[PDB]
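What follows is a pair of forms of the same protein chain, given separately as structure tokens and numbered structure 1 and structure 2.
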Structure 1
């Protein structure tokens, strides 16, 4: 079998791997031969009909995508399955010709088992490019967390906030979906806890900036205490987002690219 990385990859392939698992291991107990050649004229039609969709949408997803590791990885996988829609529609001519073929009804126990892997591989490719888009977003927030350091003005503050808040919303949104997709409880807890700690320091960051941006309008003011505070918050929020970023990297790390 293989390694199902998400709950949705598992959900799709799992059954048809639990299928070929029993539909394999039970064949020592004596399961006798039989067949249904006509109902194989169709199943291989839509099995070559959807192996035609995955390929199709897999072509818009290969051309419309800017990811480079995507193109250097996905189109190839169009091949893995291509032979599965071939060594099975082939098993079609080994269970039609000789309806007692011990090799034939075993070329479906491999052809299809190869139809999967082309799909298990197709999905990891795509899911891994998703994780890249998430990491890029978090790197975006890390950098913008940095300009907070250069906000001296009330309308600097208003611009900063106007811009930041929507990156936070985009990051939490993605960190939320992605976690709601992970199979290990420990990675999930990490993503969620860190994302929660950064949502909680956000308002604390902006607060201290406002006391900086306005206590800088009442001479003889306790300014430095506001900067110092500002800085700690960014140091904490940055540690956090880097924690997140790393756990995503650990989970989705490249094989045919660096």
Structure 2
């Protein structure tokens, strides 16, 4: 029942807590002597919020290029719409009989269905966001493979002018993503991996400076420079691939 991110948690955790509070008072098929007041107007507001959520969702499916969104968002629309129909029915049943036991069951089932379908849409949305972050990580991995072909100081200046701000963007993205995660062990892994990558960048540029300046020399320390460059690229690449793996981790809850 734990939520994947702090954004999802703030939206859904209060709804889950309130359903569990209602369940205390009403087990399936349980009778009580408390008249439920007319729920027509609060349910109509849920109905308006549902149709609006489905409208936004459908606009994404119609315009997106993400095949996973096109596949996973439409079943969640059906979930939320079916669940909303149970709440409309519960309100109609309670209007004629405020003690209606089947209406109390429809309230719990309807509410659970809204929460479950909203959870599905939000997790699907979050998974698409993670794919965008991974694309940025892979872009850095690809340009790191270009380091081996840099052979002049002019080309090194060009290389650092693209890689420097590019790395700053990746660092900012991982920082915001780790902050949103609810699993502490996953946050630590991302922070440490991203810190190792940040520290290795000036190490890489230093090795490239020595490589380029000792390239065509007999007594030269090119060998040590080329070795330090390839080793730094390998270590940076393994840590970014660790970030990509951590970014896709899911815990046993639930």
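Just so we're on the same page, rigid core means the largest C-alpha set that superposes within 1.5 Å between forms. Numbering follows the first chain given and starts at 1.
Asks: Look at residue 195 and decide if its Cα position differs by 2 Å or more between structure 1 and structure 2 after superposing on the rigid core.
Replies: No; that C-alpha moves by less than 2 Å between structure 1 and structure 2.
Asks: Is the shift of residue 249 between structure 1 and structure 2 large enough to count as movement, that is, does its C-alpha move by 2 Å or more after the core is superposed?
Replies: Residue 249 C-alpha, core-superposed: shift of 2 Å or more.
Asks: For residue 118, tell me the Cα shift between structure 1 and structure 2 once the rigid core is superposed, in Å to one decimal.
Replies: With the cores aligned, its C-alpha sits 1.0 Å away.
Asks: Aligning on the rigid core, what is the distance the CA of residue 52 moves between structure 1 and structure 2, in angstrom?
Replies: A shift of 2.3 Å at the C-alpha.
Asks: Residue 34: how big is its Cα shift between structure 1 and structure 2, in Å, with the core superposed?
Replies: Residue 34 C-alpha displacement between structure 1 and structure 2, core-aligned: 6.7 Å.
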